[PDB]
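Top line first, the protein sequences correspond to chains A and B. Count along the first sequence starting at 1, add 147, and that's the number in this note's numbering. Count along the second sequence starting at 1, add 402, and that's the number in this note's numbering.
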Amino acid sequence: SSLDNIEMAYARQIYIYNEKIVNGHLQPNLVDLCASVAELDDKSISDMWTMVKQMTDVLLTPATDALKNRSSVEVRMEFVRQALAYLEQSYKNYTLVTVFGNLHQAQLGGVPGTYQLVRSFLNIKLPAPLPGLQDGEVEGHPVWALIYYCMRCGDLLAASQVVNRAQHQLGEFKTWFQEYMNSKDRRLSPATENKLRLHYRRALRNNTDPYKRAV
Amino acid sequence: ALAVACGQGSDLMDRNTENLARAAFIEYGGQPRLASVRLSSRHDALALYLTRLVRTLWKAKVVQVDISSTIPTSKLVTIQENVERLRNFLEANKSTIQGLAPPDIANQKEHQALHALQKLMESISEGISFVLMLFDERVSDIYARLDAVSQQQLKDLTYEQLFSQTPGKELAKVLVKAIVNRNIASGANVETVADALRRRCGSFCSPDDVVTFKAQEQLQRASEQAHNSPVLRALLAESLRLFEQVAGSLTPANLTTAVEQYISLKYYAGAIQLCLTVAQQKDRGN
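The structure is reproduced here in structure tokens:
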């Protein structure tokens, strides 16, 4: 036999998918039929199929041409959101294994809230305070670090909670952020979007707080 | 004059007054002489001022056992600030004040006496910083997980002993080695508590201990993440890197605690490699 262990397992899964269509049955999820073998290998492959499923799990127009779906601005927009949701969740798992030694170890004690996780993530990745931070701290951590890694993990709510406890320090950023969390597609209104950009460009193009720049 | 030069009375022109006070401290401080030597009035003045800055501390017990501190923290801060401003004053005038710069037997013992006082000042500041660090944590928690002899030694530890006697230094080295252990259980931040102990109370902390603390950090946090599969092989592998660096300086008590944890995490082959490495670095010449 010329098929390696992995290849053979895939063949069997493709036989099922064929047996289903040959007997007229329900069209099963191919992506699921392939990830079934991935778990038998290292996670290098499992995390791939996870990306494949999430990048292909977009509302499509059945019985429509391939080129048309991929040219439509409608579909092209959802791809960006599905990827961002993968990069955010993927990073969230990196933040867990960074605090706890094993995913299992984190689970038994219970996944903490994205806020407390991020806080327990800042402890490690910045043990000493950087002298260039701005806008003070919040419960022992720089306010902008919390906002960034919360947005990076994809929990805008956890980030907005941080903002609510620093209303006086952050200035007008509150009304701007609260609009970003509300507006869909992660975009602000052109008027308000113009107000903040010009302010940042005005005197904050080079600020000593990198987290502030990023957000 | 020394006190005014250090800003005392200024809680009430002021630069010129302090500069005049400096001039009086230098010009009229006298000099050392053979009578066994008689040190200058400048030396006795420095000893008198320094003593009065710490008179409420010296003979007092550090702690009161629910353990707490004998001296309020706010008082320890002001005392430390006063000691540091005195030190800052001596440094800014190391070239103009007689006896600070190195220089016949009279001026010799004058230099030695002044040097000893300055070493006590930095030791006082380190000692105070250590006590403040201690009570920032949860001392009662640390005090519970402690042996009786060390509880008793801490019970009757005075500030004098902490500042000027080896047992205070040895006990201080035990407490720091214990607080970091506890800090890892809380697990807020290891590398911040590191840089805290590394610099301010240096000459009492050891850089080979913080790297060890960094190693025991990943070890305990590898036991924290123990349920996860892919996160440990980075924690345990990096803990192993940290241990092998301070191999020529690991205590048998730590090396054991490391191997004990490695076995819990089925990290057999790795733990063997650490012990073998610690061996070679204790005896390189074979």
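In this text, a Cβ means the ideal position worked out from N, Cα and C, and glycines have one as well.
Using three-state DSSP, classify residue i as helix, strand or coil.
i, result
"B:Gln466", "strand"
"B:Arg440", "strand"
"B:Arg435", "strand"
"B:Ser608", "coil"
"B:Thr458", "coil"
"B:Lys668", "coil"
"B:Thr679", "helix"
"A:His315", "helix"
"A:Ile271", "helix"
"B:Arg540", "coil"
"A:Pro337", "helix"
"B:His629", "coil"
"A:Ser219", "coil"
"A:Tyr241", "helix"
"B:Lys579", "helix"
"A:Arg266", "helix"
"B:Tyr430", "coil"
"A:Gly256", "helix"
"A:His172", "coil"
"B:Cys408", "coil"
Quickly, what does DSSP pair residue i with across the bridge? List them, please.
i, result
"B:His445", "Partner(s): none; B:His445 has no beta bridge."
"A:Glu284", "A:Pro289"
"B:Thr560", "B:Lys463"
"B:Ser471", "B:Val465"
Check this for me: beta carbons of residue i and residue j, under 9 Å apart or not?
i, j, result
"A:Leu264", "A:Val285", "no"
"B:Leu455", "B:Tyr561", "no"
"A:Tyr233", "A:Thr197", "yes"
"A:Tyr238", "A:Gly301", "yes"
"B:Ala649", "B:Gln620", "no"
"A:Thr208", "A:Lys200", "no"
"A:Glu235", "A:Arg299", "yes"
"A:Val227", "A:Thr203", "no"
"A:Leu269", "B:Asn585", "no"
"B:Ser442", "B:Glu486", "no"
"B:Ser471", "B:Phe537", "yes"
"B:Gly431", "B:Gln520", "no"
"B:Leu548", "B:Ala580", "yes"
"B:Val578", "B:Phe606", "yes"
"A:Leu273", "B:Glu593", "yes"
"A:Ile153", "A:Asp188", "yes"
"B:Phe615", "B:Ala596", "yes"
"A:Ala182", "A:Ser191", "no"
"A:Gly287", "A:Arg312", "no"
"A:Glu225", "A:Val205", "yes"
Measuring alpha carbon to alpha carbon, tell me which of the options ends up nearest residue i.
i, options, result
"B:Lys463", "B:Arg686, B:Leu556, B:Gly650, B:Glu640", "B:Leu556"
"A:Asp151", "A:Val184, A:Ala306, A:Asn329", "A:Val184"
"A:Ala275", "B:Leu519, B:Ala598, B:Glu619", "B:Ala598"
"B:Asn509", "B:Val465, B:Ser438, B:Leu452, B:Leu536", "B:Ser438"
"B:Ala639", "B:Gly411, B:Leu667, B:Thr653", "B:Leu667"
"B:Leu522", "B:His629, B:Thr453, B:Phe537, B:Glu539", "B:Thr453"
"A:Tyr241", "B:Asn630, B:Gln514, B:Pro654", "B:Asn630"
"B:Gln663", "B:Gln622, B:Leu637, B:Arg643, B:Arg686", "B:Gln622"
"B:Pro434", "B:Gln514, B:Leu478, B:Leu414", "B:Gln514"
"A:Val309", "A:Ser330, A:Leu187, A:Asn329, A:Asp282", "A:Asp282"
"B:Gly589", "A:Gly248, A:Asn329, A:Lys331", "A:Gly248"
"B:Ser497", "B:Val467, B:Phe615, B:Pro654, B:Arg424", "B:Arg424"
"B:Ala587", "B:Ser608, B:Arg440, B:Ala624", "B:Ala624"
"B:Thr679", "B:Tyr669, B:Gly411, B:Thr568, B:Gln647", "B:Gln647"
"B:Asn421", "B:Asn495, B:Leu559, B:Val467, B:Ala437", "B:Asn495"
"B:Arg643", "B:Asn484, B:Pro654, B:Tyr545, B:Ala660", "B:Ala660"
Return the Cβ separation of residue i and residue j in integer angstroms, given the expectation that the two are a contact with Cβ distance under 8 Å.
i, j, result
"B:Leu516", "B:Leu502", "6 Å"
"A:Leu335", "A:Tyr327", "6 Å"
"A:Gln254", "B:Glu626", "Not quite, the Cβ-Cβ distance comes to about 12 Å (not below 8 Å), so this is no contact."
"B:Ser641", "B:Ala671", "So it is not a contact: roughly 14 Å between Cβ atoms."
"B:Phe645", "B:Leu634", "Actually they are not in contact, since the Cβ atoms of B:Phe645 and B:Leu634 sit about 15 Å apart, beyond 8 Å."
"B:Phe491", "B:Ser525", "Not confirmed; about 18 Å, so no contact."
"B:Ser531", "B:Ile469", "With 8 Å as the limit, B:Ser531 and B:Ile469 do not qualify as a contact, their Cβ atoms being about 19 Å apart."
"A:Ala306", "A:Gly260", "Their Cβ separation, rounded to whole angstroms, is 12 Å, which puts A:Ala306 and A:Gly260 out of contact at 8 Å."
"B:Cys408", "B:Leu478", "No, B:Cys408 and B:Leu478 are not in contact; Cβ-Cβ is about 18 Å, not under 8 Å."
"B:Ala449", "B:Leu404", "At roughly 11 Å, the Cβ-Cβ gap does not stay under 8 Å, so B:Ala449 and B:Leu404 are not in contact."
"B:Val612", "B:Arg600", "6 Å"
"A:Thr355", "A:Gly279", "4 Å"
"residue 412 of chain A", "A:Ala361", "Lying outside 148 to 362, the shown extent of chain A, residue 412 of chain A is not represented and no answer is given."
"B:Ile665", "B:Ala655", "The Cβ separation is near 17 Å, so there is no contact."
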